[PDB]
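Only one structure is covered here, and it is reproduced in the block below.
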Amino acid sequence: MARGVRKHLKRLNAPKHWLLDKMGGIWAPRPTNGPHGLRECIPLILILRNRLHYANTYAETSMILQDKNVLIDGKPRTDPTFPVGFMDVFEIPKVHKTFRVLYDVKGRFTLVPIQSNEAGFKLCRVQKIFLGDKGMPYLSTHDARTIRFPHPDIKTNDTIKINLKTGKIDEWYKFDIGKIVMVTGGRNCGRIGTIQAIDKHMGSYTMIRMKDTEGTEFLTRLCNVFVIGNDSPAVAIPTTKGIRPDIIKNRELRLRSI
Amino acid sequence: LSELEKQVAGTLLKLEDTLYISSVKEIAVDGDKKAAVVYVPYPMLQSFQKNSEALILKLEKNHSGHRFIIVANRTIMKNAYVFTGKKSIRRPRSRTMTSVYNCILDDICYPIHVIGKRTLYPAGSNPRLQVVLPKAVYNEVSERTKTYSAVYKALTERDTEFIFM
Amino acid sequence: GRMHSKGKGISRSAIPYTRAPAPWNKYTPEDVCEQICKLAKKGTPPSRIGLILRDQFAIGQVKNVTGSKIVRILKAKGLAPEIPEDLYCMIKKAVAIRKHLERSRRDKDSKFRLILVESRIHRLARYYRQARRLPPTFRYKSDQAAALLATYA
Amino acid sequence: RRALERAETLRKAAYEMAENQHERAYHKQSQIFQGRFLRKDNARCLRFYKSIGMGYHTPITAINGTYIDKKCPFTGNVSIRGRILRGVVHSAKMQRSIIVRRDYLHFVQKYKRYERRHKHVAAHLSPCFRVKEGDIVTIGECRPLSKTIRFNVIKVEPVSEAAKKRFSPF
Amino acid sequence: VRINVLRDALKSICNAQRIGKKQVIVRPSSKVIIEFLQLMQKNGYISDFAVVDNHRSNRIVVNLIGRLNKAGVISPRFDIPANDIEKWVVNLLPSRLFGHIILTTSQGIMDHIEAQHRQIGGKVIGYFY
RNA sequence: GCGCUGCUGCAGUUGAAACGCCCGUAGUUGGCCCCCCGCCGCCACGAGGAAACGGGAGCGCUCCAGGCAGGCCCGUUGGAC
Ligand SMILES: [Mg+2]
Ligand SMILES: [Mg+2]
Ligand SMILES: [Mg+2]
Ligand SMILES: [Mg+2]
């Protein structure tokens with residue numbers, strides 16, 4: 001029974017969707033606390049070193065971050081272990097590359113290059129409405145951001161559009177049947193579909209049923225259902241519109257690419 | 001609520017020289033002859049069955065064209081227990097489907113009592129039930145076997161057939 | 001004879017297939033019901049009542065005439081005994097054996113038979129206590145069996 | 001007039017209690033502010049009760065009763081949360097507590113057969129409920145009330161005495 | 001005491017068929033017996049049969065044709081997962097080409113071939129070939 | 001190996017092994033019958049939940065034990081399940 005909090009992370013005990021190599025080393029980076037937690041995030045160095053290949057070692061990534069060449073929602077971050085999460089903005093001005101962090105059909109993080117018209121905001125999921133000091137209403141989001149004095153019409157599990165420049169709401173999407181959603185956890189991560197039923201069980205989890213555009217149907221709990229607009233997506237999405245292929249189709253694709 | 005009803009009512013008014021009948025049902029038969037079923041409400045069945053044969057023969061002779069049969073009207077329920085949400089409600093056995101069909105079969109040929117029953121399961125043909133009747137009656141009822149089978153098939157989908165033993 | 005023996009006899013009665021009354025039957029359900037009243041008033045067990053009806057009045061099955069069994073009719077008339085007849089006869093036999101034994105304390109076969117009868121009594125009494133045919137307080141004690149036998153009769 | 005009779009009955013229970021000098025302390029409902037009993041009019045509520053939710057209804061005995069129990073789920077200060085279970089009563093000898101019998105099945109893969117097993121669960125029984133041995137009860141989970149008690153009775157379904165003890169998984 | 005009626009019926013059937021008889025009488029009829037016999041008839045093993053009503057555990061008469069080779073039951077009705085049937089087929093049947101295994105499912109009494117077709121499981125009743 | 005620990009799958013007249021007999025609680029096992037309601041078991045599917053190991057798609061570390069790579073015009077190359 002450890003006397004205090006943990007600071008290390010063994011490579012084998014790291015999350016699977018990070019795709020770390022077994023023999024790369026004994027250790028893995030331990031993300032620091034921030035907007036996203038350990039199991040729904042990814043350290044900055046992994047993106048800067050094992051994905052874009054701009055750096056070959058820890059020291060290069062540290063130097064780059066100190067030089068303040070990377071922006072995360074308009075605020076330069078110098079922490080090599082800063083956690084990056086879903087619906088983030090990842091812009092590198094010195095190479096005119098701007099990406100949005102999303103989930104692929106396989107259930108992994110991806111960078112979707114975006115335009116300037118939609119790179120000044122982000123979508124947030126509201127999880128809690130509480131009264132703070134002096135009875136002032138508040139709200140919290142999945143990225144650990146608190147807003148004061150919100151519109152009464154906003155309820156839990158809704159989606160919020162906040163401008164990055166200032167940090168103010170402009171519009172919100174209600175949680176209802178017939179609204180396009182994206183799955184952010186479980187066996188169905190990265191899929192896109194439309195809500196068709198909402199079944200609530202007293203004292204336990206609420207289940208959400210959605211249908212894929214092709215006609216497929218799948219189930220998931222409400223804790224990882226993310227509205228990304230009405231009917232049509234508000235933001236850009238990867239090339240494939242959240243359609244998971246079968247093993248046979250994936251094998252055909254692999255053989256074609258070989 | 002039809003035409004045969006007035007004729008049967010007229011006959012009933014002639015016969016005596018306090019009863020009432022629920023309805024009338026007419027079943028077709030392979031031959032031009034047809035069959036008519038008179039629905040006697042359950043409590044008065046035993047009242048009608050004292051002189052069933054005489055009533056049937058007088059009705060047949062007064063009006064021809066089809067034979068007359070008397071059967072009671074019994075309801076059927078479809079749940080052994082009924083869950084009201086609090087207590088429990090149990091279906092009496094008399095309202096079961098199996099009992100009702102047997103009672104119907106007994107009533108169709110009330111004067112003669114069934115001596116046996118057997119259901120055959122041929123290799124390919126649909127199973128059929130054959131009943132066994134006393135040897136004494138024989139030809140006394142041999143002219144109503146086809147109509148009896150037709151009516152039993154009509155009221156209940158179970159097909160049947162007749163023999164003597 | 002199987003529960004407390006080794007015999008394998010098969011003596012029983014086979015009732016007819018038809019449930020209808022005899023053609024020569026000239027009795028209604030009321031007339032028979034009054035006959036049970038007189039027999040019951042005189043203090044007769046249902047089995048003997050059925051014997052008498054079958055022999056004297058030529059009624060093979062009461063059910064085929066009245067549509068109900070004898071004890072059901074008695075209960076409808078509020079004349080059925082509190083203690084079922086079979087258990088009462090068992091207790092009578094046990095009391096007789098106990099009297100004969102207390103007369104003489106060297107017969108061991110009588111003790112054997114007493115053991116068997118008491119076991120049967122306990123089994124039947126338990127079965128009747130379940131199904132709510134007897135008071136929950138009902139209990140059989142050998143010492144005071146004669147007294148209750150006298151009262152419960 | 002019906003409310004007036006209730007208030008008088010509740011008021012007497014408070015004043016006859018003060019005449020039970022044998023008791024070491026005066027037992028009261030924490031929510032109600034003593035002093036309302038000095039009001040002649042029925043302009044204030046004298047008894048406190050709540051609804052535990054989950055579709056269960058509050059017994060009339062609790063609403064119209066004259067008993068004090070800080071561990072009761074209806075008139076006390078505890079909350080139901082977690083697992084709801086069922087069982088039969090095994091013993092009712094303590095002051096306000098019972099022992100509940102639960103039955104389940106355990107499968108053995110080697111022999112491809114089952115075993116019958118049982119566990120004992122202790123619970124708190126509020127005075128609003130009357131229970132004998134063999135009845136079926138529904139228990140809800142609460143915070144630790146004692147060394148062995150983490151459940152509270154919520155519903156009682158009477159069973160006839162003299163009935164046969166039978167293996168009844170629930 | 002009498003417990004498994006189906007076992008008694010099958011033993012009587014095999015005993016009669018051994019000495020080249022033509023008709024057998026089984027005493028306590030039941031629905032399961034009737035479905036078993038229906039399946040046997042459908043696969044062509046025992047021709048036809050009849051049920052005689054006596055108001056007390058009806059009897060039944062069957063006609064044989066000297067094709068049945070062995071019939072039996074599994075007393076403690078174990079559960080068969082939908083993917084655990086081939087082991088039982090190997091253990092019980094002479095070959096994988098002929099022979100039948102009877103299962104009771106939520107969809108009714110059916111041959112193991114049909115259950116494999118629908119990819120479901122259930123409880124085992126018997127077998128014949 | 002060993003069906004010489006036997007659930008699948010041993011033996012109990014003579015080789016080792018049926019209590020001298022009966023009653024009997026706990027325990028185990030209990031004929032047939034109502035087509036559709038409630039509950040328990042059961043079957044199927046699904047959600048949720050670490051990897052490594054094991055299975056398994058693809059890749060010529062010269063082969064192999066292995067590892068997650070490589071050439072170019074790369075599924076957004078891939079590391080599926
Ligand atoms: Mg015995
Ligand atoms: Mg015998
Ligand atoms: Mg020797
Ligand atoms: Mg020996």
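Naming works like this for the structure tokens: A, B, ... for the chains as they're shown, residue 1 at the start of each chain, ligands 1 onward in shown order.
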Surrounding residues as a PDB file with N, CA, C and O atoms, in the first residue's frame, ligand 2, max 7 Å, only C-alpha atoms (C1' of nucleotides) and all ligand atoms:
```pdb
ATOM      1  N   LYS C   8     -46.549 -56.817  -2.087  1.00  0.00           N
ATOM      2  CA  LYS C   8     -46.705 -56.150  -3.374  1.00  0.00           C
ATOM      3  C   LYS C   8     -48.032 -56.529  -4.016  1.00  0.00           C
ATOM      4  O   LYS C   8     -48.107 -56.790  -5.221  1.00  0.00           O
ATOM      5  N   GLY C   9     -49.097 -56.564  -3.221  1.00  0.00           N
ATOM      6  CA  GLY C   9     -50.412 -56.806  -3.770  1.00  0.00           C
ATOM      7  C   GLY C   9     -50.924 -55.626  -4.572  1.00  0.00           C
ATOM      8  O   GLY C   9     -50.421 -54.507  -4.482  1.00  0.00           O
ATOM      9  N   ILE C  10     -51.955 -55.886  -5.375  1.00  0.00           N
ATOM     10  CA  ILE C  10     -52.488 -54.881  -6.287  1.00  0.00           C
ATOM     11  C   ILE C  10     -54.008 -54.941  -6.325  1.00  0.00           C
ATOM     12  O   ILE C  10     -54.619 -54.803  -7.390  1.00  0.00           O
TER      13      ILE C  10
END
```
Step by step, measure atom-to-atom distances between ligand 4 and each residue using only C-alpha atoms (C1' of nucleotides) and all ligand atoms, keep those at most 10 Å, then write them as a PDB file with C-alpha atoms (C1' of nucleotides), in the first residue's frame.
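File produced: out-v1.pdb:
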```
ATOM      1  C1'   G F  12     -18.692 -55.088  -4.683  1.00  0.00           C
ATOM      2  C1'   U F  13     -21.720 -64.362  -5.657  1.00  0.00           C
ATOM      3  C1'   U F  14     -16.547 -67.032  -5.567  1.00  0.00           C
ATOM      4  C1'   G F  15     -10.404 -62.478  -6.627  1.00  0.00           C
ATOM      5  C1'   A F  16     -10.525 -56.548  -1.812  1.00  0.00           C
ATOM      6  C1'   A F  17     -15.139 -54.899  -0.785  1.00  0.00           C
TER       7        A F  17
END
```
Can you work out which residues from chain D touch chain F at a cut-off of 7 Å (counting only C-alpha atoms (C1' of nucleotides)) and hand them back as a PDB file with N, CA, C and O atoms, in the first residue's frame?
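Once everything was written out, this is out_18.pdb:
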```
ATOM      1  N   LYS D 110     -16.281 -29.220 -13.111  1.00  0.00           N
ATOM      2  CA  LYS D 110     -15.762 -30.576 -13.247  1.00  0.00           C
ATOM      3  C   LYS D 110     -16.885 -31.602 -13.303  1.00  0.00           C
ATOM      4  O   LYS D 110     -16.878 -32.494 -14.159  1.00  0.00           O
ATOM      5  N   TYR D 111     -17.854 -31.498 -12.397  1.00  0.00           N
ATOM      6  CA  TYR D 111     -18.956 -32.444 -12.325  1.00  0.00           C
ATOM      7  C   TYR D 111     -20.189 -31.991 -13.092  1.00  0.00           C
ATOM      8  O   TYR D 111     -21.163 -32.747 -13.165  1.00  0.00           O
ATOM      9  N   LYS D 112     -20.170 -30.791 -13.668  1.00  0.00           N
ATOM     10  CA  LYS D 112     -21.282 -30.284 -14.469  1.00  0.00           C
ATOM     11  C   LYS D 112     -22.588 -30.307 -13.681  1.00  0.00           C
ATOM     12  O   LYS D 112     -23.654 -30.609 -14.220  1.00  0.00           O
ATOM     13  N   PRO D 169     -34.792 -19.451  -4.175  1.00  0.00           N
ATOM     14  CA  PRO D 169     -33.872 -18.402  -4.626  1.00  0.00           C
ATOM     15  C   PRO D 169     -34.634 -17.161  -5.066  1.00  0.00           C
ATOM     16  O   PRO D 169     -35.728 -17.248  -5.627  1.00  0.00           O
ATOM     17  N   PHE D 170     -34.040 -16.000  -4.812  1.00  0.00           N
ATOM     18  CA  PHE D 170     -34.693 -14.736  -5.126  1.00  0.00           C
ATOM     19  C   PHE D 170     -33.705 -13.730  -5.703  1.00  0.00           C
ATOM     20  O   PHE D 170     -34.057 -12.928  -6.567  1.00  0.00           O
TER      21      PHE D 170
END
```
Taking the DSSP secondary structure from the backbone, can you list the residues of stretch 61-152 of chain B that are strand (DSSP E or B), as a ChimeraX atom specification? /B:66-73,81-83,88-90,116-121,128-133
Mind writing the picked residues with N, CA and C atoms as a PDB file, in the first residue's frame?
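selection.pdb written:
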```
ATOM      1  N   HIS B  66     -81.699 -28.890 -43.625  1.00  0.00           N
ATOM      2  CA  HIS B  66     -80.485 -29.137 -42.865  1.00  0.00           C
ATOM      3  C   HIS B  66     -80.854 -29.727 -41.514  1.00  0.00           C
ATOM      4  N   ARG B  67     -79.892 -30.418 -40.911  1.00  0.00           N
ATOM      5  CA  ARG B  67     -80.092 -31.043 -39.616  1.00  0.00           C
ATOM      6  C   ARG B  67     -79.858 -30.036 -38.493  1.00  0.00           C
ATOM      7  N   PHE B  68     -80.414 -30.346 -37.324  1.00  0.00           N
ATOM      8  CA  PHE B  68     -80.361 -29.469 -36.165  1.00  0.00           C
ATOM      9  C   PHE B  68     -79.573 -30.133 -35.045  1.00  0.00           C
ATOM     10  N   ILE B  69     -78.717 -29.350 -34.392  1.00  0.00           N
ATOM     11  CA  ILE B  69     -77.934 -29.818 -33.255  1.00  0.00           C
ATOM     12  C   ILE B  69     -77.985 -28.764 -32.160  1.00  0.00           C
ATOM     13  N   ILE B  70     -77.902 -29.223 -30.914  1.00  0.00           N
ATOM     14  CA  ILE B  70     -77.959 -28.363 -29.739  1.00  0.00           C
ATOM     15  C   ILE B  70     -76.634 -28.477 -28.999  1.00  0.00           C
ATOM     16  N   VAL B  71     -75.997 -27.335 -28.754  1.00  0.00           N
ATOM     17  CA  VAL B  71     -74.734 -27.276 -28.028  1.00  0.00           C
ATOM     18  C   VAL B  71     -74.741 -26.034 -27.151  1.00  0.00           C
ATOM     19  N   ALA B  72     -74.155 -26.150 -25.964  1.00  0.00           N
ATOM     20  CA  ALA B  72     -74.071 -25.012 -25.067  1.00  0.00           C
ATOM     21  C   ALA B  72     -72.948 -24.072 -25.492  1.00  0.00           C
ATOM     22  N   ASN B  73     -73.045 -22.832 -25.028  1.00  0.00           N
ATOM     23  CA  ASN B  73     -72.049 -21.806 -25.308  1.00  0.00           C
ATOM     24  C   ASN B  73     -71.193 -21.606 -24.064  1.00  0.00           C
ATOM     25  N   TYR B  81     -52.812 -18.071 -14.674  1.00  0.00           N
ATOM     26  CA  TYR B  81     -52.867 -17.040 -13.654  1.00  0.00           C
ATOM     27  C   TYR B  81     -52.854 -15.682 -14.334  1.00  0.00           C
ATOM     28  N   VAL B  82     -53.561 -14.730 -13.736  1.00  0.00           N
ATOM     29  CA  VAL B  82     -53.607 -13.357 -14.224  1.00  0.00           C
ATOM     30  C   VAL B  82     -52.999 -12.467 -13.153  1.00  0.00           C
ATOM     31  N   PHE B  83     -51.940 -11.749 -13.514  1.00  0.00           N
ATOM     32  CA  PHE B  83     -51.206 -10.905 -12.575  1.00  0.00           C
ATOM     33  C   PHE B  83     -51.798  -9.501 -12.614  1.00  0.00           C
ATOM     34  N   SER B  88     -53.215 -12.397  -6.897  1.00  0.00           N
ATOM     35  CA  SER B  88     -53.149 -13.369  -7.978  1.00  0.00           C
ATOM     36  C   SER B  88     -54.555 -13.835  -8.324  1.00  0.00           C
ATOM     37  N   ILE B  89     -54.811 -13.999  -9.620  1.00  0.00           N
ATOM     38  CA  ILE B  89     -56.098 -14.457 -10.127  1.00  0.00           C
ATOM     39  C   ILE B  89     -55.863 -15.739 -10.909  1.00  0.00           C
ATOM     40  N   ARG B  90     -56.623 -16.781 -10.582  1.00  0.00           N
ATOM     41  CA  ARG B  90     -56.428 -18.112 -11.139  1.00  0.00           C
ATOM     42  C   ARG B  90     -57.594 -18.468 -12.047  1.00  0.00           C
ATOM     43  N   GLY B 116     -64.899 -44.487 -26.188  1.00  0.00           N
ATOM     44  CA  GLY B 116     -63.454 -44.382 -26.253  1.00  0.00           C
ATOM     45  C   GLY B 116     -63.038 -43.267 -27.180  1.00  0.00           C
ATOM     46  N   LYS B 117     -61.743 -42.969 -27.140  1.00  0.00           N
ATOM     47  CA  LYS B 117     -61.133 -42.001 -28.033  1.00  0.00           C
ATOM     48  C   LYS B 117     -59.732 -42.472 -28.382  1.00  0.00           C
ATOM     49  N   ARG B 118     -59.317 -42.181 -29.609  1.00  0.00           N
ATOM     50  CA  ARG B 118     -57.974 -42.499 -30.063  1.00  0.00           C
ATOM     51  C   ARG B 118     -57.571 -41.479 -31.111  1.00  0.00           C
ATOM     52  N   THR B 119     -56.335 -40.998 -31.014  1.00  0.00           N
ATOM     53  CA  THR B 119     -55.778 -40.062 -31.979  1.00  0.00           C
ATOM     54  C   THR B 119     -54.605 -40.738 -32.670  1.00  0.00           C
ATOM     55  N   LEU B 120     -54.673 -40.817 -33.990  1.00  0.00           N
ATOM     56  CA  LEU B 120     -53.636 -41.453 -34.780  1.00  0.00           C
ATOM     57  C   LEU B 120     -52.636 -40.415 -35.267  1.00  0.00           C
ATOM     58  N   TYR B 121     -51.390 -40.855 -35.435  1.00  0.00           N
ATOM     59  CA  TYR B 121     -50.292 -40.009 -35.886  1.00  0.00           C
ATOM     60  C   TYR B 121     -49.657 -40.686 -37.095  1.00  0.00           C
ATOM     61  N   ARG B 128     -55.307 -37.255 -36.704  1.00  0.00           N
ATOM     62  CA  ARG B 128     -56.755 -37.162 -36.632  1.00  0.00           C
ATOM     63  C   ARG B 128     -57.263 -38.015 -35.482  1.00  0.00           C
ATOM     64  N   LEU B 129     -58.341 -37.560 -34.857  1.00  0.00           N
ATOM     65  CA  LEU B 129     -58.945 -38.252 -33.730  1.00  0.00           C
ATOM     66  C   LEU B 129     -60.124 -39.085 -34.207  1.00  0.00           C
ATOM     67  N   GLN B 130     -60.182 -40.330 -33.747  1.00  0.00           N
ATOM     68  CA  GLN B 130     -61.295 -41.222 -34.030  1.00  0.00           C
ATOM     69  C   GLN B 130     -61.925 -41.647 -32.713  1.00  0.00           C
ATOM     70  N   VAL B 131     -63.247 -41.583 -32.650  1.00  0.00           N
ATOM     71  CA  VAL B 131     -63.978 -41.938 -31.456  1.00  0.00           C
ATOM     72  C   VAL B 131     -64.631 -43.300 -31.667  1.00  0.00           C
ATOM     73  N   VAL B 132     -65.109 -43.895 -30.579  1.00  0.00           N
ATOM     74  CA  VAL B 132     -65.672 -45.238 -30.589  1.00  0.00           C
ATOM     75  C   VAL B 132     -67.076 -45.170 -30.010  1.00  0.00           C
ATOM     76  N   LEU B 133     -68.042 -45.712 -30.748  1.00  0.00           N
ATOM     77  CA  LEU B 133     -69.438 -45.648 -30.368  1.00  0.00           C
ATOM     78  C   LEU B 133     -69.992 -47.048 -30.121  1.00  0.00           C
TER      79      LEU B 133
END
```
List all protein, DNA and RNA residues that have at least one atom no more than 9 Å from any atom of ligand 1, counting only C-alpha atoms (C1' of nucleotides) and all ligand atoms, and write them as a PDB file with N, CA and C atoms (P, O5', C5', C4', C3', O3' and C1' of nucleotides), in the first residue's frame.
```
ATOM      1  N   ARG C   2     -46.946 -51.644   1.242  1.00  0.00           N
ATOM      2  CA  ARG C   2     -45.574 -51.328   0.879  1.00  0.00           C
ATOM      3  C   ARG C   2     -44.847 -50.430   1.866  1.00  0.00           C
ATOM      4  N   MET C   3     -45.524 -49.444   2.455  1.00  0.00           N
ATOM      5  CA  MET C   3     -44.820 -48.429   3.232  1.00  0.00           C
ATOM      6  C   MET C   3     -44.075 -49.047   4.409  1.00  0.00           C
ATOM      7  N   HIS C   4     -44.731 -49.939   5.145  1.00  0.00           N
ATOM      8  CA  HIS C   4     -44.165 -50.553   6.341  1.00  0.00           C
ATOM      9  C   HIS C   4     -44.252 -52.071   6.267  1.00  0.00           C
TER      10      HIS C   4
ATOM     11  P     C F  23     -38.646 -49.867   7.507  1.00  0.00           P
ATOM     12  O5'   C F  23     -38.752 -48.917   8.780  1.00  0.00           O
ATOM     13  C5'   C F  23     -39.967 -48.816   9.509  1.00  0.00           C
ATOM     14  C4'   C F  23     -39.874 -47.809  10.627  1.00  0.00           C
ATOM     15  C3'   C F  23     -39.588 -46.373  10.223  1.00  0.00           C
ATOM     16  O3'   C F  23     -40.745 -45.687   9.776  1.00  0.00           O
ATOM     17  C1'   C F  23     -38.221 -46.974  12.061  1.00  0.00           C
TER      18        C F  23
END
```
Can you tell me, as a PyMOL selection string, what residues are no more than 10 Å from residue C:50 when counting only C-alpha atoms (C1' of nucleotides), ignoring any on the same chain fewer than 5 positions away? chain C and resi 36+45+55-56+59-62+70
Could you turn the residues from that selection into a file that holds N, CA and C atoms, as a short mmCIF file (atom, residue, chain, number, x, y, z; two decimals), in the first residue's frame?
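Result file follows (result.cif):
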```cif
data_model
loop_
_atom_site.label_atom_id
_atom_site.label_comp_id
_atom_site.auth_asym_id
_atom_site.auth_seq_id
_atom_site.Cartn_x
_atom_site.Cartn_y
_atom_site.Cartn_z
N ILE C 36 -77.87 -38.60 2.80
CA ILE C 36 -76.62 -38.40 3.53
C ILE C 36 -76.89 -37.73 4.87
N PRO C 45 -69.22 -43.08 8.97
CA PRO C 45 -68.11 -42.55 8.16
C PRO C 45 -68.49 -42.49 6.70
N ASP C 55 -75.00 -50.30 -2.23
CA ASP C 55 -75.70 -51.56 -2.05
C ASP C 55 -77.21 -51.36 -2.02
N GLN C 56 -77.69 -50.53 -1.09
CA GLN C 56 -79.13 -50.42 -0.87
C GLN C 56 -79.82 -49.64 -1.99
N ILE C 59 -76.37 -47.01 -6.29
CA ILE C 59 -75.68 -45.81 -6.76
C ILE C 59 -74.19 -46.14 -6.78
N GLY C 60 -73.68 -46.48 -7.96
CA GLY C 60 -72.28 -46.87 -8.06
C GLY C 60 -71.32 -45.73 -7.74
N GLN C 61 -71.60 -44.54 -8.25
CA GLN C 61 -70.75 -43.38 -8.02
C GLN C 61 -71.62 -42.18 -7.68
N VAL C 62 -71.41 -41.61 -6.49
CA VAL C 62 -72.14 -40.42 -6.09
C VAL C 62 -71.79 -39.25 -7.00
N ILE C 70 -68.61 -36.95 -1.50
CA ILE C 70 -69.42 -37.01 -0.28
C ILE C 70 -68.95 -35.97 0.72
#
```
Got a sec: who's within 12 Å of residue E:11, counting only C-alpha atoms (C1' of nucleotides), leaving out chain neighbours fewer than 6 positions off, as a ChimeraX atom specification? /E:4-5,17-18,24-26,69-73
Do you have, as a tab-separated table, the list of residues of chain D lying at most 10 Å from chain A, each with its nearest atom pair and that distance in Å to one decimal, counting only C-alpha atoms and ordered by chain then number?
```
residue	atom	partner	partner_atom	distance
D:53	CA	A:202	CA	9.9
D:54	CA	A:202	CA	7.0
D:55	CA	A:202	CA	9.4
D:81	CA	A:203	CA	8.2
D:82	CA	A:203	CA	7.7
D:83	CA	A:203	CA	9.1
```
Contact table chain C vs chain F, cut-off 12 Å, shortest pair per residue, only C-alpha atoms (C1' of nucleotides), as JSON lines:
```
{"residue": "C:3", "atom": "CA", "partner": "F:23", "partner_atom": "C1'", "distance": 11.1}
{"residue": "C:4", "atom": "CA", "partner": "F:23", "partner_atom": "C1'", "distance": 9.0}
{"residue": "C:5", "atom": "CA", "partner": "F:22", "partner_atom": "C1'", "distance": 9.9}
{"residue": "C:6", "atom": "CA", "partner": "F:22", "partner_atom": "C1'", "distance": 11.6}
{"residue": "C:109", "atom": "CA", "partner": "F:22", "partner_atom": "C1'", "distance": 11.9}
{"residue": "C:111", "atom": "CA", "partner": "F:23", "partner_atom": "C1'", "distance": 11.9}
{"residue": "C:112", "atom": "CA", "partner": "F:22", "partner_atom": "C1'", "distance": 8.8}
{"residue": "C:113", "atom": "CA", "partner": "F:23", "partner_atom": "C1'", "distance": 10.6}
{"residue": "C:114", "atom": "CA", "partner": "F:23", "partner_atom": "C1'", "distance": 10.9}
{"residue": "C:115", "atom": "CA", "partner": "F:23", "partner_atom": "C1'", "distance": 7.3}
{"residue": "C:116", "atom": "CA", "partner": "F:23", "partner_atom": "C1'", "distance": 7.1}
{"residue": "C:117", "atom": "CA", "partner": "F:23", "partner_atom": "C1'", "distance": 10.5}
{"residue": "C:118", "atom": "CA", "partner": "F:23", "partner_atom": "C1'", "distance": 10.1}
{"residue": "C:119", "atom": "CA", "partner": "F:23", "partner_atom": "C1'", "distance": 7.6}
{"residue": "C:120", "atom": "CA", "partner": "F:23", "partner_atom": "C1'", "distance": 10.3}
{"residue": "C:122", "atom": "CA", "partner": "F:24", "partner_atom": "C1'", "distance": 11.3}
{"residue": "C:123", "atom": "CA", "partner": "F:24", "partner_atom": "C1'", "distance": 11.0}
```
Specify as number ranges by chain all residues of chain E found within 12 Å of chain D, counting only C-alpha atoms. E: 76-80
If you run DSSP on the backbone, which residues of stretch 55-150 of chain B are alpha helix (DSSP H), as a PyMOL selection string? chain B and resi 55-62+97-108+145-150
At most 9 Å to chain B: residues in chain C, only C-alpha atoms, as a list in words: residues 17, 18 and 20 of chain C
Output N, CA, C and O atoms for every residue in the selection just made, as a tab-separated table (two decimals), in the first residue's frame.
```
chain	number	residue	atom	x	y	z
C	17	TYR	N	-65.47	-46.02	-17.46
C	17	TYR	CA	-65.01	-44.94	-18.32
C	17	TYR	C	-66.04	-43.82	-18.42
C	17	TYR	O	-65.69	-42.64	-18.40
C	18	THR	N	-67.32	-44.18	-18.54
C	18	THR	CA	-68.37	-43.19	-18.66
C	18	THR	C	-68.70	-42.59	-17.30
C	18	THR	O	-68.79	-43.29	-16.30
C	20	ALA	N	-71.52	-40.79	-16.78
C	20	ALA	CA	-72.94	-40.50	-16.77
C	20	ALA	C	-73.68	-41.42	-15.81
C	20	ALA	O	-73.18	-42.50	-15.45
```
Near-stretch 16-32 of chain B list (12 Å; only C-alpha atoms (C1' of nucleotides); drop same-chain fewer than 6 positions) as a PyMOL selection string: chain B and resi 1-10+38-48+51+54-55+58+65-74+144-155
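Proximity to chain F at a cut-off of 7 Å picks out residues 12, 13, 220, 247, 251 and 253 of chain A on chain A, counting only C-alpha atoms (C1' of nucleotides).
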Using only C-alpha atoms, find which residues of chain C lie within 12 Å of chain D and jot them down as a count of residues only. 14
As a PyMOL selection string, could you give me every residue of chain F near chain B (at most 7 Å apart, counting only C-alpha atoms (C1' of nucleotides))? chain F and resi 34+36-38
